[PDB]
């Protein structure tokens, strides 16, 4: 049970995540949206990165914001699953399908980097489908993205989900490039989508971080030369030699006929 039925012209339905994310239908429009609930004391802080970039097809866009007494209700167009769940269910993606989806993922990251943001927490789970047919994806949100103060993308604090953590973060003596780190993560996603398992895995983190530091991963021979070439241009490169999010988009793999 909930205390209210409606926020503005939006009928509330059911919680998708605790008391934080609610389903909603616009009463005049009849369209189904998703409503994320923040405290008014810290909502414009949390949402600051969402107002840095121009709108992009593969980055969730805020539809409306309704300010209550105690809470701010931020509305988004709904999703239809996530990439992680999709890869698990499918086991692995065909190169044709993977190329379509990964191009959208890379485009989203390229938009963030070139607009002066680093994500820091990139995972498959963070990308969610826009349509029922699960052909279009978008970055779920930019809430926890770091806004660069000028050009410099140097980060001191270690961030990331262990599987997506780059070697530069682990054996860091202070600063590292946030953009290079986000690109590393893109490599892991691409591998995981195509192969159906993480490139680096182990029993416990310390052993996992050893494999990453040394670059202990294998690519199946079954993947196409171009697919393999793209993987290694991210995961088997030091930041200075490693592709940028934008450069990924020009890669010959996407241009294949399939």
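Numbering follows the first chain given and starts at 1.
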Could you check which stretch, 62-70 or 186-194, carries the larger mean CA temperature factor in the entry? 62-70
So which stretch wins on mean C-alpha B-factor, 161-169 or 144-152? 144-152
Residue of maximum C-alpha B factor among 229, 208, 37, 42, per deposited coordinates: 42
By the entry's values, the third containing the CA B factor of residue 121 is the highest
Lowest, middle or highest third of the chain for the C-alpha temperature factor of residue 83? middle
Modelled-residue ranking by C-alpha temperature factor, third containing residue 235: middle
Rank-wise, by C-alpha B-factor, drop residue 248 into the lowest, middle or highest third of its chain. lowest
In terms of the CA temperature factor given in the entry, to which third of its chain does residue 177 belong: lowest, middle or highest? middle
